[PDB]
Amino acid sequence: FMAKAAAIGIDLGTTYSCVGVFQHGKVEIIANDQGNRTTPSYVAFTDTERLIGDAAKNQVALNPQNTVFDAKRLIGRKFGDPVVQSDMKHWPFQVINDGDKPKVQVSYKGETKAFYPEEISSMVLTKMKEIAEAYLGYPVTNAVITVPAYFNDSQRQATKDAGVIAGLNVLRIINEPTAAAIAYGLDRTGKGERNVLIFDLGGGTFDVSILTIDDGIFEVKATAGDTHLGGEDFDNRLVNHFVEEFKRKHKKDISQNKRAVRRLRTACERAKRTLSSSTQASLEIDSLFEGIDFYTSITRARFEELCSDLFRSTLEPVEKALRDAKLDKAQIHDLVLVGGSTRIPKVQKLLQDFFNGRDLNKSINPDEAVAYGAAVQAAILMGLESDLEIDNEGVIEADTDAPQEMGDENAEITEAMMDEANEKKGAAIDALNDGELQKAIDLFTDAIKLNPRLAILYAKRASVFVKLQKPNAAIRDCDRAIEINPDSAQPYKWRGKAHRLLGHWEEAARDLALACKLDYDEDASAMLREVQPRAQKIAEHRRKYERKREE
């Protein structure tokens, strides 16, 4: 057999999200369908479907009121929190009050519906998960997720909840700066006391953290920064600068066409990125306003000057952080750049100048470091079952065939489509009865293609996939059914069996027990009894480890 299924590491960001996995001695930051190693934390709702990530951020100009972003800022907070109310006047989507809990309110297929920030976030998570499963070729259940160090118990729990919704087992919620240091192996290289500063300049926020690490244990000493200072503000500057130039050169105002503004803003996003590895950046848009083309350029120097106040303002939070730790600049051993905006040579130069030309740790991609760290720690927690004598009888080799055909959630189901699929169900249960397993699978596929929203379809196909020694395939079908209806008992029964087939001991015991509560089977009952001693020996050993690292 090959390796067990890996655990993923996820950076759930305010502006972008990022996922990694540790395999064959190294972390892989995973690229999504559109090719990018990071994904906008965006969810959009429309007339026909739900959009997530790049597709959601790209159509914003067209659908500004049902395109949700910045769910991280709401997460774990009260509608009555001054921060939320302060925030609500900058977003173009509606936020409503639900018993002192905030919910984003949108239009979605001609009906109004609302979502807790944990729900929005769980939609992002799901996407990240899906990105990883496409890379790996198999279903993922276990994750590590990161949060800012300033996150209270409320926001932490809320971030775990979002994971649980997206079908993840959350192994650990860990601090973003802590994730960064783990990435730079600042825990395992050292045999003495070292003090560490994480300069995190992201898309929406700026975070300075000083951490102390002795004996391989992280302790947060100070936190600071600005929860409203990010790369998105620099885009404002460029945008503001160019609108004004457009007035000057072309004698027209463009502020009021939203679509022309975005087109400018996205052009500016790209331009700012090029200005990190080039001194100059060209900027061409076909037909910006009333048929007028905009061809222009900008220099690094000029960009720097437009953001003048902003860039300089990242040294004050540094000053304040040392001040809270009771440390002098000289006393920090390690400087670490994370966040995508730290790609900006000026922002780099300013920091190095504060530390008198000392070397910055930046070999690890600054926008990938958090996820990187998260993946390493995910690998360690899973890795912990190495130390235990676990009997591996009954475990089989992971099936690797390509993902079977699923439904289409949003495709139109006709009245006749309900029946034709309904018949197929009965025809496939006959092939299982008779003993021709592939035929049973094949007609369930015709059933599912025709009715993609009947949850028993997926569960029953999953049953057949198990008889066929294809547990991953079953896990997939059960994952879908449980999405459609988390209350039906069948899918838990079969996912339990599938997990057990794969040595996923803790996963098997959760499902088989849940299946037994909802709908008692003698079989599942014994499966669970057979499964428990493995799950609790693993769980006890992981808990012990974490207690040792809680000190």
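Numbering starts at 1 and runs along the sequence shown.
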| query | finding |
| --- | --- |
| 187-195 set against 133-141, stretch whose average Cα temperature factor tops the other in the entry | 187-195 |
| Higher-scoring stretch by recorded Cα B factor average, 42-50 or 509-517 | 42-50 |
| Top residue by Cα temperature factor, when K160, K127, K258, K272 are compared in the entry | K258 |
| Options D419, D399, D479, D233 - largest CA temperature factor per the record | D419 |
| Chain third (lowest, middle, highest) by recorded CA B-factor, residue given as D387 | middle |
| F218 - Cα temperature factor, lowest/middle/highest third of chain | highest |
| CA B-factor ranking of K470, expressed as a third of its chain | lowest |
| Assigned third (lowest, middle, highest) for the C-alpha B factor of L229 | middle |
| Within-chain third of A431 by Cα B-factor, per the entry | highest |
